[PDB]
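For reference, the structure discussed in these notes is given below.
Scope of the values below: all heavy atoms of this structure, side chains included, with no hydrogens, waters or symmetry mates. Convention: sequence-line order gives letters A, B, ...; per-chain numbering from 1.
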Amino acid sequence: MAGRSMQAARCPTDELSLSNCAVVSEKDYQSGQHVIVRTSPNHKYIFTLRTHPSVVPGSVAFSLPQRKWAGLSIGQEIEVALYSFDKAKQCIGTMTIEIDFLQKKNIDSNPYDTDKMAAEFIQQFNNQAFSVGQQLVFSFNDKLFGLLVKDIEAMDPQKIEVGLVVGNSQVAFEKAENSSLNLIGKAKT
Amino acid sequence: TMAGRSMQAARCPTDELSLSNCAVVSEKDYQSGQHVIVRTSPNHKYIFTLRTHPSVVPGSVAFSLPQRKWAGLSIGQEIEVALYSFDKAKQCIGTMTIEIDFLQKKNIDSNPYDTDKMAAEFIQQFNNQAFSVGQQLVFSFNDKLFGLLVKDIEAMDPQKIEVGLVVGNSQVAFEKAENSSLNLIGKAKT
Amino acid sequence: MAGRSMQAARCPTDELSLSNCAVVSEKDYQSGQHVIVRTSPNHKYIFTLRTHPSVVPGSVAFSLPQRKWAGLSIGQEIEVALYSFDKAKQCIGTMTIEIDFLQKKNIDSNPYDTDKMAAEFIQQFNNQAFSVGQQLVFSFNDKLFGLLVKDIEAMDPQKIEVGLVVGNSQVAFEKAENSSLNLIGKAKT
């Protein structure tokens with residue numbers, strides 16, 4: 001009893017990509033459900049869903065970052081099944097994220113408070129699934145940043161591949177090599 | 001009291017939305033999936049399937065240019081809207097013939113198109129939506145946009161119908177428009 | 001009994017601004033609820049909500065006109081609490097609105113019927129909250145107009161600062177000084 005066959009589609013809008021959710025039709029799923037997307041015998045990527053009116057029923061919309069991360073191409077047939085988080089080990093305890101300005105062009109020398117970023121990160125991504133290596137778009141203080149999940153650990157009653165962000169998940173940031181990003185605060189690696 | 005409700009025809013919020021071929025409304029007036037009969041004037045009624053979107057002004061119904069052309073509507077035009085119910089076997093689509101062509105003169109490649117693959121996806125995205133003979137639609141397939149014209153529709157015989165509901169076993173047959181460079185293939189043709 | 005701290009965000013699209021609602025994540029609120037946005041210790045603003053998939057959880061999206069009116073800047077922290085209309089005095093009896101073309105480039109000499117405008121205004125804004133001094137965007141006959149709430153009065157069993165538009169609320173328009181706007185109809189000042 002595998003998942004259903006669907007097609008990868010492009011993201012309806014740029015703003016939507018800030019969600020880092022796989023976007024779907026309300027006819028197929030409801031927001032908040034999680035899915036495991038099988039692209040081949042070598043990969044099963046986990047996404048958290050969010051509905052949008054423009055998504056064609058039978059398709060799943062992905063932003064550019066997600067398509068790169070998941071090695072997806074528009075039109076591609078994918079196998080999709082509901083994924084359930086139901087074990088303590090799956091909740092994220094700590095997670096390390098590599099950050100940098102999205103547009104290598106726009107780069108300010110202003111100092112950014114990581115503790116503030118960590119709090120907002122937890123706020124907008126609460127109950128969403130993340131995996132080591134995943135690339136995301138993060139909107140902070142009206143600026144766009146690129147994020148790379150470097151590590152994830154569960155709460156010791158350690159290392160996990162994928163996990164659910166919860167209210168007490170700890171996020172530590174660190175700029176990418178050669179980054180002109182000045183990070184301040186205690187939410188730094 | 002029994003007749004429909006008075007509303008205004010509005011523009012479609014986005015291009016992407018037009019791929020749905022649904023009349024788009026406010027979640028304040030309707031819920032997605034309901035069907036409506038839109039009266040423009042005596043002797044002229046058009047049936048649409050609804051889909052909500054946050055940007056639609058309450059009291060208005062959004063239509064894409066092609067829908068407005070077909071229903072002969074103009075922006076701001078006042079219309080009479082009433083819920084329409086499909087509840088008779090004769091209304092389910094058995095077979096439907098569609099004339100296809102690239103939506104844009106621009107992109108016009110000569111590659112092959114499996115009418116069987118298109119038919120399946122058509123049924124997939126338009127399941128439970130209403131279509132009428134003569135209706136013009138926008139169809140997204142393989143990252144390419146095509147224009148569709150509903151030529152004929154027939155009900156199942158336990159024939160010819162004006163409007164019907166697409167269901168899981170509805171059969172769709174395609175046929176390119178005259179002078180079309182559409183390289184159709186497969187067994188889903190007229 | 002305080003509200004929750006959130007951040008002001010940009011409006012996902014231009015079309016959304018026609019709603020004049022504060023837009024939110026379906027994860028935080030449901031459409032139709034009303035909120036009081038405390039921007040500072042002496043100022044609280046009232047908005048009616050509408051959900052949209054692109055709004056980042058933990059944030060509230062506002063159009064430029066709304067940000068100007070409530071003195072908000074993007075990323076700004078705000079305290080948000082549900083607001084309840086539950087007293088007769090809060091229902092709008094009459095309201096005076098100053099109207100003008102939204103943009104210079106869109107100026108013309110066509111006649112716009114106030115009675116028609118009033119009816120459509122009540123139609124699209126029914127059950128939404130408005131305050132004296134609030135500036136809105138109004139779409140009428142495929143044209144965009146700027147609106148300024150000049151006055152609001154309750155039904156005498158008078159003057160109120162904020163109120164809920166209901167089915168029998170009366171709206172009177174008047175053009176801005178020097179407005180080349182051509183207003184007809186009886187729903188005037």
Side-chain angles (χ1 to χ4, degrees), chain A residues 27 57-58, chain B residues 3-4 9 18-23 33-51 61 63-73 79-103 113-141 146-180 182 184-190:
Chain A
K27 286 180 178 168
Chain B
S18 70
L19 301 190
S20 71
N21 295 303
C22 290
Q34 292 185 305
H35 307 283
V36 297
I37 175 164
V38 179
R39 177 177 287 178
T40 302
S41 58
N43 295 294
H44 293 75
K45 301 173 188 173
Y46 309 87
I47 295 171
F48 295 85
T49 294
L50 311 182
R51 189 169 300 176
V61 180
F63 302 93
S64 62
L65 225 198
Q67 294 177 314
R68 300 207 295 287
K69 288 188 183 300
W70 176 59
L73 303 165
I79 53 187
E80 203 192 316
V81 184
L83 274 185
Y84 183 77
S85 171
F86 283 88
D87 55 15
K88 289 188 61 181
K90 301 175 180 177
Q91 297 173 297
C92 307
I93 294 182
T95 57
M96 172 171 48
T97 303
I98 298 181
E99 169 174 292
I100 179 176
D101 212 310
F102 301 82
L103 178 66
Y113 296 143
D114 185 353
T115 63
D116 299 299
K117 214 69 57 61
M118 302 181 111
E121 203 176 305
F122 181 91
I123 294 303
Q124 265 266 285
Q125 39 185 294
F126 299 130
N127 180 63
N128 288 138
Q129 291 194 192
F131 289 98
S132 294
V133 176
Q135 201 175 344
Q136 274 289 324
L137 332 161
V138 184
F139 183 40
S140 181
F141 186 66
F146 304 79
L148 308 181
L149 169 63
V150 182
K151 290 175 50 47
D152 180 59
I153 303 174
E154 292 189 54
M156 296 299 251
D157 177 52
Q159 290 177 54
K160 298 290 184 180
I161 55 176
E162 177 213 305
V163 58
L165 222 225
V166 171
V167 290
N169 53 9
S170 295
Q171 301 300 303
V172 178
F174 294 86
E175 64 170 62
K176 52 184 172 62
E178 299 191 4
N179 303 308
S180 174
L182 267 177
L184 301 189
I185 53 186
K187 295 196 180 68
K189 299 176 181 177
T190 317

Mind checking the [atom1]-[atom2] spacing from [X] to [Y]? Nearest 0.5 Å is all I need.
X: B/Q171; Y: B/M96; atom1: CD; atom2: CE; result: 10.0 Å
X: B/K90; Y: B/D157; atom1: NZ; atom2: CG; result: 11.0 Å
X: B/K88; Y: B/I161; atom1: NZ; atom2: CD1; result: 11.5 Å
X: B/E99; Y: B/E178; atom1: CD; atom2: CD; result: 7.5 Å
X: B/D87; Y: B/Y84; atom1: CG; atom2: OH; result: 7.5 Å
X: B/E154; Y: B/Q159; atom1: CD; atom2: CD; result: 6.0 Å

With a 4.5 Å heavy-atom cut-off, do [X] and [Y] have their side chains touching?
X: B/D116; Y: B/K187; value: yes
X: B/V166; Y: B/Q129; value: no
X: B/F139; Y: B/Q125; value: yes
X: B/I47; Y: B/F86; value: yes
X: B/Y113; Y: B/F174; value: no
X: B/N128; Y: B/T49; value: no
X: B/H35; Y: B/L165; value: yes
X: B/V38; Y: B/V61; value: no

Polar side-chain atom of [X] near backbone of [Y] as donor-acceptor pair, under 3.5 Å:
X: B/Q67; Y: B/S64; answer: yes
X: B/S170; Y: B/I93; answer: yes
X: B/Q136; Y: B/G134; answer: no
X: B/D101; Y: B/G147; answer: no
X: B/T115; Y: B/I185; answer: yes

More than 12 non-hydrogen atoms from neighbouring residues, nucleotides or ligands closer than 6.0 Å to [atom1] on [X], yes or no?
X: A/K27; atom1: NZ; value: yes
X: B/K189; atom1: NZ; value: yes
X: B/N43; atom1: CG; value: no

Smallest separation among heavy atoms of [X] and [Y], with atom names:
X: B/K176; Y: B/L184; value: N-CD1, 3.6 Å
X: B/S140; Y: B/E121; value: O-OE2, 3.5 Å
X: B/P66; Y: B/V138; value: CG-CG2, 4.4 Å
X: A/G58; Y: B/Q124; value: CA-OE1, 3.6 Å
X: B/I153; Y: B/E162; value: CD1-O, 4.0 Å
X: B/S20; Y: B/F126; value: O-CE2, 3.5 Å

(request) Answer yes if the ring centres of B/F122 and B/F131 are under 6.0 angstrom apart, and no otherwise. (result)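 Yes, they do, as the ring centres are separated by less than 6.0 Å.
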(message) Taking the ring of B/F48 and the ring of B/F63, is the distance between their centroids below 6.0 Å?
(response)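 Centroid separation for B/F63 and B/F48: below 6.0 Å.
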(message) Tell me whether B/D152 is salt-bridged to B/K160, with the criterion being a basic N under 4.0 Å from an acidic carboxylate O.
(response)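 B/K160 and B/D152: salt-bridged.
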